[PDB]
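Next up: a single chain in structure tokens, the form deposited in one PDB entry.
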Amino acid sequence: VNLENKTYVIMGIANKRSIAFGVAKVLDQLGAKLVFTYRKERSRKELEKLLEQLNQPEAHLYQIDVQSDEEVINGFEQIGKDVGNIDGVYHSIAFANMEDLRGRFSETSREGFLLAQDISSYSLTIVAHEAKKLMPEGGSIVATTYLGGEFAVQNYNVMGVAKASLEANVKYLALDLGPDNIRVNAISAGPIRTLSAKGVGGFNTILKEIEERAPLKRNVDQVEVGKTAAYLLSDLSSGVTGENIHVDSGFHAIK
């Protein structure tokens, strides 16, 4: 691709291992202007330090907790005032309690079920609504999912039902916003060592199964997710919406 003169919002960098920082490095290398969103103070401090690795001439950082309508609304409105219109959004945001994740699925609390839906699925819908205002000639929105949204995976529990909700959200958003020339798609990433992965029980056995069974016989990394994001966020994928691309060494295709 070639992304000079384009601007993308990346939501959900926490540190150097985040899937979303792989996305940022790829887009930055390709010429894009980037805008970053975070929830914790600590995530902002990591962003400021990670920006030194990038070619970005200015820091554009906005605090946006996606539990709050007003923060998503005011945040995107401020972004539009600061950088003008945008070309797409990369959504790399999910959350569930340890306490629900690490017990039987049938014991999941209502509170923890709805928390995981709210942050990991509904956030895309409201982000799309606000981001559309900054994309009057169209644009591209990408969210990050996992195969536990399509099949029951041991231990992924409440988050597999949130990812199923997220993948349907992508399809319904693609149908709604398609007439505005806004494409919406998902990347189904293979397991990658991150801060959030520490919440998944048996994560090391999940990585070891990919090496042993997946067609490519190896795990993927953040930058490979980034390279598919660049495709999805750019005019290379102009015909493609409502799609879920598995960046997982082909694990999705085998049993």
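One rule holds for the numbers: they count along the sequence shown, beginning at 1. Here the rigid core means the biggest group of C-alpha atoms that line up within 1.5 Å when the two forms are laid on top of each other. Residues that one form lacks are left out of the comparison.
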- Quick one: say whether 160-168 or 68-76 has the higher mean Cα B-factor in the deposited entry. 68-76
- Between 42-50 and 217-225 (mean CA B-factor, as deposited), the higher: 42-50
- Between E111, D176, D82, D118, where does the Cα B-factor run highest in the record? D82
- Which third of the chain does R17 land in by C-alpha B-factor: lowest, middle or highest? middle
- Sorting the chain's modelled residues by C-alpha B-factor and splitting them into thirds places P191 in the middle
- Relative to the other modelled residues in the chain, which third contains the C-alpha temperature factor of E150: lowest, middle or highest? lowest
- Task: Looking at the entry's B-factor column for C-alpha atoms only, identify whether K133 ranks in the lowest, middle or highest third of its chain.
- Result: highest
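There is another form of this protein, the form deposited in another entry, and it is not shown here; the text below is about that form.
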- C-alpha of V220 off by 2 Å or more between this form and the one not shown on rigid core: yes
- Task: Once the core is aligned, please say if the CA of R42 is shifted by at least 2 angstroms between this form and the one not shown.
- Result: yes
- Message: Checking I210 here: with the core superposed, does its CA move 2 Å or more between this form and the one not shown?
- Response: yes
- Task: Indicate closer or farther: the Cα atoms of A229 and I210, in the other entry, relative to the displayed form, with a change of 3 Å or more.
- Result: farther
- Query: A214 and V184: do their C-alpha atoms lie closer or farther in the other entry than in the form you see, with a change of 3 Å or more?
  - Reply: farther
- Task: Rigid core superposed, please list the runs of 3+ consecutive shared residues whose C-alphas all move by 2 Å or more between this form and the one not shown.
- Result: 41-43, 155-158, 204-220
